[PDB]
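This document starts with one chain, in the form deposited without the named molecule, laid out as structure tokens.
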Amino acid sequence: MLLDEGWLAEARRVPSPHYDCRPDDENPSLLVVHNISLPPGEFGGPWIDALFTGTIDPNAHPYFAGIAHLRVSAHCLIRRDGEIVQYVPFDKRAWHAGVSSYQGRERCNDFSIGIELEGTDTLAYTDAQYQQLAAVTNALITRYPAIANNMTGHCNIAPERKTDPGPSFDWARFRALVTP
């Protein structure tokens, strides 16, 4: 599917304040796969959208207090039913990696795009999510050729800090649907 001025043509647009420029206005070359669930283990709620736009209610759930002090964001979320939500245009810097490193290069926010799958490290992701993530990645690949050769997990760039997307993420099934 197509890209429209840095946005997904087939995604809900949820413009977050949480973003800034990529240095040198560099084109992103890496894809970083994440997972997220709020509160942990639960799906469907409004909390992901809120955390990413800086408006989560610290008090809504015991878990949220901690993350309110956070200022994070991703480019896209793909929900359990496959719904795609976008928060940042791809040309811009979302705040999804944190302290990280790929192939010698730190600060992966700089040169990566970050896509989250609603889910956990130990729960299976859905058929919709596999199809949708593939769609999106094929899109990016058309735009940024280099991403074909650079696709990783948050756990792979922040080892012993992050575990997402976990053993649950079937890299076999995912590559298969990519660069068709």
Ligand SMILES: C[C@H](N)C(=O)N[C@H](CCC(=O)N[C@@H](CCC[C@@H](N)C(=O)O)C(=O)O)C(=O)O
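Numbers follow the displayed sequence, beginning with 1.
Higher average CA B factor: 102-110, of the stretches 102-110 and 75-83. Stretch comparison (53-61 versus 150-158) by mean CA B-factor in the PDB entry places 53-61 on top. In the PDB entry, the Cα temperature factor peaks, among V33, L70, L140, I36, at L70. Of the candidates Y125, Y144, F43, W47, the deposited coordinates give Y144 the top C-alpha B factor.
Sort the chain's modelled residues by C-alpha temperature factor and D164 lands in the lowest third, per the entry. The entry lists a Cα temperature factor for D25 that places it in the highest third of the chain's modelled residues.
Although it is not shown, the form deposited with the named molecule bound is what the next lines describe.
In the bound PDB entry, the named molecule sits beyond 4.5 Å of every heavy atom of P89.
Put simply, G98 is close to the named molecule in the bound PDB entry: some heavy atom of it is within 4.5 Å. Interface membership of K162, defined by any non-hydrogen atom within 4.5 Å of the named molecule in the bound PDB entry, is confirmed. Contact annotation for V72: at least one heavy atom lies within 4.5 Å of the named molecule in the bound PDB entry.
Proximity of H34, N109 and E116 to the named molecule in the bound PDB entry is complete: all three residues have a non-hydrogen atom within 4.5 angstroms. Only one listed stretch (64-72, 142-150, 129-137, 22-30) carries heavy atoms within 4.5 Å of the named molecule in the bound PDB entry, and that stretch is 64-72.
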